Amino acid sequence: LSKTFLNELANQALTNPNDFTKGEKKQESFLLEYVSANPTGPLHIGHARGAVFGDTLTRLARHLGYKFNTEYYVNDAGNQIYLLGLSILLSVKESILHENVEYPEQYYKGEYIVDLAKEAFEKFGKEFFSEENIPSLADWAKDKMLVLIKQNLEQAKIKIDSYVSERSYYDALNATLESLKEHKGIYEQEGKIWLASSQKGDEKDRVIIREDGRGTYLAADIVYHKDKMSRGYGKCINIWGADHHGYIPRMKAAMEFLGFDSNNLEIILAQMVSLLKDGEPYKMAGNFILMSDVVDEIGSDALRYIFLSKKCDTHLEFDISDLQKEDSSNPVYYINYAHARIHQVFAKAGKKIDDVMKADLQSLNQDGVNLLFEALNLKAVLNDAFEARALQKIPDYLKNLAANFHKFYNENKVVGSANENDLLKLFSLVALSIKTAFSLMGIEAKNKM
């Protein structure tokens, strides 16, 4: 490899560190809709992989110069959020008002439900709490839960750019039906309006409008997707749970019956995650494991690492006891340790990264040149990771780069040596790749351990 050439690349990277590996403005634009959990509680742990994957995808797309929007769909219909209003009323009655109450077979319970009930009782007063005020309670509640969900996401360094309401699509149903008919996608049978999805590769035809006159969940989903796909984006991306694979053909069929090319709807499937502690499955104030509880225990960086660390449609198993170790087996520690080790050697040498810029890297041994190449190779990795949707290439890159750095620095004396500046400049570039790649994972690199 040409050290002269790589040194020039090193100089370009280090002169404008914030622009290192950033791509020029791209032509293809995207709309990602992800997470989209019901506003009826805090995020469960099963939402974490989709959330972590989507935010990393977003950060990566933006870094590479793609126009990339994010959106969350709020299932906030009165009929959807009624049970949440019901459940708060019931826990006001039993935990605050102390009466014996009838409980249905499906209801929301937990520490969050009793805290919100205490918030409800303080805001509305005792008088309010009757069956007629349930949807007034549910509206207030679902807004509080959406605030909760937003901060659940913020805890994991995730912000979504647009939250959209189901309720704002009640007027949009007719235009969907019409557009579907204009492509011969709908028909009446047995008092119901059906989508002819089996004419477009689905297993069987599907109900759009019930005999009741009401739209189905599928109808609502089609309406929303019609809006998303007619917004001018190059592609719409969804992240769905892997158990929703059978739902793909009916949605593609619907999009074809709306005049859209269904290849412009990309479905990414997020597979199940197994969390372990001490070899046993993770467990514990609720019947579900909360994303919040896991972030409380392991921290944000660990969540952002673990949930990105294996191919999205493959099963991920991780033991959280590994985060107690301070070696190769705790990759967040180990990668951060590489970055911190560089920061410390610069302090030991009494130098800033601008003092070593003038070095030309010509004295680097083969191990140093490999590490230099590896540092600069981030650009290739990031572009490849985006285009293949293989985000686990980012942790993989970082793992190997930290390993190789650590091994290099163990075997090479720096401060006081005749090529101190060459080695420091090398190190400054390794630190930059660690910091850059980590930031796209929503992790800030540590200067000190």
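All residue numbers are counted from 1 along the displayed sequence.
The modelled chain breaks after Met284 and resumes at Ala285, leaving 1 to 3 residues of the deposited sequence without coordinates. Just going by the entry, 352-360 versus 294-302 on mean CA temperature factor gives the higher value to 352-360.
Mean CA temperature factor is higher for 382-390 when stretches 382-390 and 50-58 are set side by side in the entry. Within the selection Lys235, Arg210, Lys226, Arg341, the deposited Cα B-factor values reach their highest point at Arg210. The entry assigns its greatest Cα B factor, within the set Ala196, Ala175, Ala375, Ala117, to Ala117.
Among the modelled residues of the chain, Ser162 sits in the lowest third by CA temperature factor in this PDB entry. When all modelled residues of the chain are sorted by CA temperature factor, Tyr333 is found within the middle third. In this PDB entry, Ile81 carries a Cα temperature factor that places it within the highest third of its chain's modelled residues. The PDB entry assigns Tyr217 a C-alpha temperature factor belonging to the middle third of its chain's modelled residues. In the PDB entry, a CA B factor belonging to the highest third of its chain's modelled residues is recorded for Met449.
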